[PDB]
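Visitor: Below are the structure tokens for one structure; questions will follow.
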Amino acid sequence: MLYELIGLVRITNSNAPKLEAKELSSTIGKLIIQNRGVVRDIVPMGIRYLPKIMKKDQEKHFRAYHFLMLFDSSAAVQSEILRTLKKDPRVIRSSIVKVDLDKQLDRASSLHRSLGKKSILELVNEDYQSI
Amino acid sequence: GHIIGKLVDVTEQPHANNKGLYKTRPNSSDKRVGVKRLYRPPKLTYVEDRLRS
Amino acid sequence: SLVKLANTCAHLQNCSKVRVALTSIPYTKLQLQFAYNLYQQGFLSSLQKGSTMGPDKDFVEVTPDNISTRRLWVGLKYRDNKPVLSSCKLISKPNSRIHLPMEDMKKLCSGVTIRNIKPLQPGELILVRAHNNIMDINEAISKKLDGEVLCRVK
Amino acid sequence: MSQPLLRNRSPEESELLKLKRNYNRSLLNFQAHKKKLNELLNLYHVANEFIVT
Amino acid sequence: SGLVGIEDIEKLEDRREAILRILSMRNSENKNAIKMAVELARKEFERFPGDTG
Amino acid sequence: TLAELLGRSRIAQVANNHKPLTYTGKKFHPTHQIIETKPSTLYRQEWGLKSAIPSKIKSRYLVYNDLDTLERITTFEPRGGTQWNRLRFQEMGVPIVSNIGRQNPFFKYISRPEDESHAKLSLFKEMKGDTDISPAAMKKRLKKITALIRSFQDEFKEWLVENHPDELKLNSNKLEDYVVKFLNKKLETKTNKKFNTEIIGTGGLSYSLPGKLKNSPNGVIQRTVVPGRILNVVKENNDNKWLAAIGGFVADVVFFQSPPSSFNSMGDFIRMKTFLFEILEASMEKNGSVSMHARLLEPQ
Amino acid sequence: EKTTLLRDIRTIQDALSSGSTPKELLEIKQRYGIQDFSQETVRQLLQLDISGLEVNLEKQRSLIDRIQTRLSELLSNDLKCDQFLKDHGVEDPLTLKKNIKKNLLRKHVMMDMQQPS
């Protein structure tokens with residue numbers, strides 16, 4: 001099944017804002033590819049201010065690094081990833097939504113589909129045939 | 054001059070359709086009684102109306 | 002099917018109430034014989050084979066390919082602001098079939114209530130089925146036939 | 160009234176009918192099979208962007 | 116019509136590994152497994168090709 | 002037959018129109034056909050419509066949408082004022098000219114493929130001119146077309162290897178050119194938007210040909226003077242020209258050097274006074290509007 | 120067998136384009152049975168069943184279309200129809216009914232496009 005993970009990582013060090021996000025993406029990506037999974041895309045979303053002050057593991061946060069990760073795995077692996085994210089102190093909020101593949105095998109991230117790009121081939125073919 | 058009340062039988066559609074399939078049995082629309090069409094005042098149409106617009 | 006015949010009798014009553022000149026009924030041997038008797042007795046103006054969409058103008062052979070789309074088209078008659086075919090009811094019902102000997106059919110046509118069947122009235126048509134043929138009760142009495150009393154039309 | 164109510168299909172008509180119906184089922188299976196392969200080809204073109212190592 | 124060389128075999132093997140992980144029955148919904156079972160069962164009981172009823 | 006007669010009836014001649022009778026947006030041209038009744042028929046509420054128009058109506062001009070409605074009324078507005086805008090334009094005797102110097106649309110000119118060198122610009126305009134098309138009917142232009150174009154694959158798999166084999170073995174820069182031409186050559190026979198609904202030229206506002214001089218008892222007229230009204234007391238924001246109301250049209254007025262002092266004095270009531278203007282040129286835009294340029298002739 | 124189709128097909132296309140004949144090819148000539156290594160042997164190792172189905176479907180469509188056109192034309196011309204029946208061995212086809220004879224025509228048109236093929 002194709003899944004879309006959206007994680008809000010903590011920005012502890014203002015000098016290295018994209019450090020825990022990179023370390024986290026590597027940890028999650030390794031779980032996926034080491035359990036028969038495929039990582040289709042990693043779309044960084046940048047530092048954004050949280051809609052409110054949020055709390056996690058007796059800590060408070062006002063900003064986070066947003067990132068999206070489109071990956072293919074089994075249901076059991078998907079639950080294992082979600083369990084690890086809900087326990088990691090770095091992660092403030094994490095959501096995994098299924099992307100239906102009944103009609104087509106290649107679906108882009110919701111962010112891209114919102115912009116009209118329905119498949120990763122459309123994104124790649126707009127970076128080769130026109131770039 | 055369109056004919057009202059005529060059903061095209063499957064024997065009259067021997068060739069394949071636009072999808073490439075032959076018609077071998079009546080479809081659901083062919084099996085619904087269409088008596089109402091005989092009594093509804095026909096919509097009068099004219100080619101000239103398209104040019105006028 | 003007596004159920005189909007019940008459906009047709011009710012259908013003709015509904016069409017008469019609204020005064021539609023032309024309507025369709027299912028295409029079966031029993032329905033065709035029923036309609037033909039009504040036509041010969043002057044209850045129906047016309048009887049044509051056709052399709053779900055209307056009566057056929059030119060002969061269309063009926064086969065398994067189009068049997069499901071066949072219909073019988075009948076013309077209803079109205080005179081002096083009254084329907085000619087006002088009522089149409091079954092006598093022999095699906096859950097209670099009535100078979101009468103020719104002797105009892107003669108009593109029914111003579112004013113005697115037989116097996117709760119009200120006797121034949123002036124200007125009424127009672128149809129009887131014998132060996133899968135439908136005929137007027139008076140004709141069955143002439144041929145000495147015993148049969149199922151199907152319906153009464155007025 | 161004298162016309163027969165139904166005329167059974169001749170053995171030849173049933174043969175041609177079976178040919179068309181077999182063709183209809185086979186064409187749909189083939190078209191679905193080719194659609195699946197065309198989706199497998201478009202997935203091969205993008206599998207260079209997918210990570211398994 | 117020719118006269123970027125060719126891709127390393129290791130890269131083509133990774134494209135195959137990504138396609139087989141995405142299409143693995145062990146990574147798909149249980150309904151897909153049931154759909155395969157229905158096809159297998161149908162073919163063991165059918166009277167002829169296309170018999171589904 | 003009655004059907005033949007009906008198709009040619011005067012009511013049939015009026016094209017179906019359901020555009021709002023009360024429109025508050027920007028009006029650039031007439032939207033409804035003006036209906037006129039003679040004085041004798043007006044006295045009897047006869048307009049040639051389905052029902053009598055209410056006697057309260059004293060105008061002889063109206064515009065309508067529906068002959069009858071579920072509310073048992075006619076949907077009409079008792080106005081015919083777009084005709085006076087056209088006749089006032091005719092009185093100003095300013096021919097409409099093309100700011101792009103295009104051929105006159107009312108003459109059957111012998112045109113050539115000078116602009117047809119943009120075959121890939123307009124052949125794809127059919128699928129790319131979908132600014133306001135449904136999200137799925139526009140998507141039906143992708144599979145429906147793909148099958149039609151995919152049916153010419155064999156024809157183009159032989160013509161290209163028989164007329165330009167070198168390109169197929171060297172480069173596709175020219176192959177793409179042969180493709181755009183192929184479809185158009187195989188589409189000119191087809192009928193895709195064979196009827197074009199775009200406004201043709203002036204749209205009927207003026208059928209006057211440029212070139213003619215206006216003779217007058219006081220000699221040939223060299224400059225057309227038309228009374229008008231200044232709407233704003235401050236030039237259009239971001240534009241170096243004010244706006245005037247001349248003959249039912251809003252024009253852009255250019256002043257000689259300075260703005261007359263009546264502007265500051267009058268202020269927001271400047272529209273209450275009439276000035277004399279000179280109409281420099283009149284152009285037609287693709288929206289169907291008229292671009293009238295004027296000049297505030299001031300007594301000197 | 121660690122050997123993969125892609126790799127094996129990349130050796131039969133490099134050995135066939137370079138001239139090298141490592142013993143792997145002989146083994147590959149046994150893994151697949153392809154004794155001869157030519158450009159028209161890799162094309163027969165990678166054949167997909169779908170290709171065969173596509174040609175069987177065209178033949179099926181041809182037969183149906185031909186049978187219908189043949190009978191359609193025959194019926195349009197009563198003279199060519201009467202001759203058609205006599206040529207195929209019908210005795211006095213002229214003296215036959217529409218259904219009693221159209222079935223013969225159908226049985227013959229389907230005996231001239233399915234028996235000869």
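Protein chains in written order, with PDB author numbering: chain F, 1 to 131; chain U, 54 to 106; chain H, 2 to 155; chain V, 160 to 212; chain O, 116 to 118, 123 to 172; chain A, 2 to 301; chain Q, 120 to 236. All C-beta atoms in this analysis are idealised placements derived from N, C-alpha and C, irrespective of residue type, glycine included.
Residues bridged to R93(F) by DSSP?
Guide: As a first step, residue 93(F) must be located in the first sequence, where it is residue number 93. BP columns for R93(F) point to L8(F).
Visitor: Please go through the same chain and pick out, in chain order, the residues whose beta-carbon is closer than 7 Å to the beta-carbon of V15(A), but skip the five residues on each side of it.
Guide: Working through the sixth sequence from its first residue, we reach residue 15(A) at position 14. The answer, listed in chain order, is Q34.
Visitor: Would you kindly work out how many angstroms separate the C-alpha atoms of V180(A) and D100(F), rounded to a whole number?
Guide: Counting from 1 along the sixth sequence, the entry for residue 180(A) is found at position 179. Counting from 1 along the first sequence, the entry for residue 100(F) is found at position 100. Whole-angstrom Cα-Cα distance: 37 Å.
Visitor: Interface residues of chain F around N201(V) at Cβ under 7 Å?
Guide: Mapped onto the fourth sequence, residue 201(V) falls at position 42. Within 7 Å Cβ-Cβ: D106 and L121.
Visitor: Cβ closer than 8 Å: which chain F residues qualify as neighbours of residue 213(V)?
Guide: Residue 213(V) is absent from the structure shown; chain V starts at 160 and stops at 212.
Visitor: List, in order along the chain, the chain F residues whose C-beta lies closer than 8 Å to that of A137(O)?
Guide: Stepping through the fifth sequence from its first residue, residue 137(O) is reached at position 18. The contacting residues are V38.
Visitor: For a cutoff of 7 Å on Cβ pairs, would you count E198(V) as touching chain F?
Guide: Walking along the fourth sequence from the start, residue 198(V) turns up at place 39. With 7 Å as the cut-off, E198(V) counts as an interface residue toward chain F.
Visitor: Taking 7 Å as the threshold (C-beta atoms), are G7(F) and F62(F) in contact?
Guide: For this step, residue 62(F) is matched to residue 62 along the first sequence. For this step, residue 7(F) is matched to residue 7 along the first sequence. No; because the gap between Cβ atoms is not below 7 Å, this pair is not in contact.
Visitor: Considering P21(A), what are the terminal residues of the beta strand (DSSP E) in which it resides?
Guide: Within the sixth sequence, the letter at position 20 stands for residue 21(A). Looking at the DSSP string, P21(A) is not in any beta strand (DSSP E), and its letter there is neither H nor E.
Visitor: Do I92(F) and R36(F) come within 7 Å of each other at the CB atom, strictly closer than that value?
Guide: The sequence position of residue 36(F) within the first sequence is 36, counting from 1. The sequence position of residue 92(F) within the first sequence is 92, counting from 1. No. Outside cutoff.
Visitor: Sort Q122(H), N67(H) and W74(H) by Cα distance to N167(V) and report the nearest one.
Guide: Position 8 of the fourth sequence, counted from the first residue, corresponds to residue 167(V). The option with the nearest alpha carbon to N167(V) is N67(H).
Visitor: Would you list the residues sitting across from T76(A) in a DSSP beta bridge?
Guide: Reading the sixth sequence from its first residue, position 75 is the one you call residue 76(A). Note: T76(A) sits in a beta bridge opposite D67(A).
Visitor: Does the region 199–214 of chain A touch the region 237–252 of chain A, meaning 3 or more C-beta pairs lie closer than 8 Å?
Guide: Segments in contact, no.
Visitor: Using DSSP with H/G/I as helix, E/B as strand and the rest coil, what is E171(V)?
Guide: If you number the fourth sequence from 1, residue 171(V) lands on position 12. In this structure, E171(V) counts as helix in the three-state DSSP scheme.
Visitor: Determine, for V63(H), whether the minimum Cβ-Cβ distance to residues of chain V falls below 7 Å.
Guide: For this step, residue 63(H) is matched to residue 62 along the third sequence. Closer than 7 Å: yes.
Visitor: Would you mind giving the Cβ-Cβ distance between residue 1(H) and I135(H), rounded to the nearest angstrom? I have them listed as a contact below 8 Å.
Guide: The requested residue 1(H) does not occur in the structure, where chain H is confined to residues 2 to 155.
Visitor: For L131(O), go through chain Q and note every residue whose CB falls closer than 7 Å to its CB, in chain order.
Guide: One-based indexing of the fifth sequence puts residue 131(O) at position 12. What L131(O) touches in chain Q: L125.
Visitor: Should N82(H) be labelled buried (16 or more other beta-carbon atoms within 10 Å of its own) or exposed?
Guide: Mapped onto the third sequence, residue 82(H) falls at position 81. Exposed is the call here.
Visitor: With DSSP collapsed to three states, give me the class of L48(H).
Guide: Position 47 of the third sequence, counted from the first residue, corresponds to residue 48(H). Note: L48(H) maps to strand in three-state DSSP.
Visitor: Hey, would you say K30(H) sits closer than 7 Å to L164(V), going by beta carbons?
Guide: The residue given as residue 30(H) occupies position 29 in the third sequence. The residue given as residue 164(V) occupies position 5 in the fourth sequence. Yes.
Visitor: Identify the residues that DSSP records as bridge partners of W74(H): which are they?
Guide: Counting from one through the third sequence, the residue named residue 74(H) turns up at place 73. BP columns for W74(H) point to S25(H) and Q49(H).
Visitor: For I81(F) and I28(F), I'd like the C-alpha separation in whole angstroms.
Guide: By one-based count along the first sequence, residue 81(F) stands at place 81. By one-based count along the first sequence, residue 28(F) stands at place 28. The straight-line gap from Cα to Cα measures roughly 7 Å.
Visitor: Any Cβ of chain F within less than 7 Å of the Cβ of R140(O)?
Guide: As a first step, residue 140(O) is located in the fifth sequence; it is residue number 21 there, counting from the start. Interface residue, yes.
Visitor: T12(F) to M69(F), Cα distance in whole Å?
Guide: Residue 12(F) sits at position 12 when you count from the first residue of the first sequence. Residue 69(F) sits at position 69 when you count from the first residue of the first sequence. So the two alpha carbons sit approximately 21 Å from each other.
Visitor: Buried or exposed, going by whether 16 or more other CB atoms sit within 10 Å of the CB of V113(H)?
Guide: Reading the third sequence from its first residue, position 112 is the one you call residue 113(H). Under this definition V113(H) is an exposed residue.
Visitor: For the region 74–84 of chain A against the region 166–186 of chain A, do three or more pairs of beta-carbon atoms, one drawn from each stretch, fall closer than 8 Å, so that the two count as touching?
Guide: Short answer: they don't touch.
Visitor: Run down chain V in chain order and give the residues with a C-beta less than 7 Å from the C-beta of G169(O).
Guide: Position 50 of the fifth sequence holds residue 169(O). Going along chain V in sequence order, the residues near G169(O) (Cβ under 7 Å) are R184.
Visitor: Of the choices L33(H), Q14(H) and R98(H), whose alpha-carbon is the least far from that of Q162(V)?
Guide: For the purposes of this step, residue 162(V) is taken as the residue at position 3 of the fourth sequence. Among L33(H), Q14(H) and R98(H), the Cα nearest to that of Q162(V) is on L33(H).
Visitor: Assuming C110(H) and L6(H) form a contact by the criterion Cβ under 8 Å, report the distance between their Cβ atoms to the nearest whole angstrom.
Guide: Translated into the one-based positions of the third sequence, residue 110(H) becomes position 109. Translated into the one-based positions of the third sequence, residue 6(H) becomes position 5. In fact, because the Cβ distance is near 21 Å, the residues do not count as touching under 8 Å.
Visitor: In whole angstroms, what is the alpha-carbon distance linking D155(Q) and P166(A)?
Guide: One-based indexing of the seventh sequence puts residue 155(Q) at position 36. One-based indexing of the sixth sequence puts residue 166(A) at position 165. Taking the straight line from one Cα to the other gives about 33 Å.
Visitor: Given a cut-off of 7 Å on the beta-carbon distance, is the pair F29(A) and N288(A) in contact?
Guide: On the sixth sequence, residue 29(A) is found 28 positions in, with the first residue counted as 1. On the sixth sequence, residue 288(A) is found 287 positions in, with the first residue counted as 1. Contact: yes.
Visitor: Give the single residue among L165(Q), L172(Q) and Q166(Q) whose Cα lies nearest to the Cα of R184(V).
Guide: In the fourth sequence, counting from the first residue as 1, residue 184(V) sits at position 25. The residue with the shortest Cα to Cα distance from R184(V) is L172(Q).
Visitor: Find the residues of chain V that neighbour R134(O), judging by a C-beta separation of less than 7 Å, and give them in chain order.
Guide: Residue 134(O) sits at position 15 when you count from the first residue of the fifth sequence. Per Cβ cutoff of 7 Å: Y203, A206 and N207.
Visitor: Any idea which residues DSSP pairs residue 1(A) with across the strands?
Guide: Only positions 2 to 301 of chain A appear in this structure, which leaves residue 1(A) out of reach.
Visitor: So, with DSSP's three-state summary, where would you put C16(H)?
Guide: Translated into the one-based positions of the third sequence, residue 16(H) becomes position 15. The answer is helix: DSSP assigns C16(H) an H, G or I state.
Visitor: Suppose you measure from the CA of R103(A) to the CA of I97(A); what does that come to, to the nearest Å?
Guide: In the sixth sequence, the residue the question calls residue 103(A) occupies position 102. In the sixth sequence, the residue the question calls residue 97(A) occupies position 96. Spanning the two alpha carbons is a distance of roughly 12 Å.
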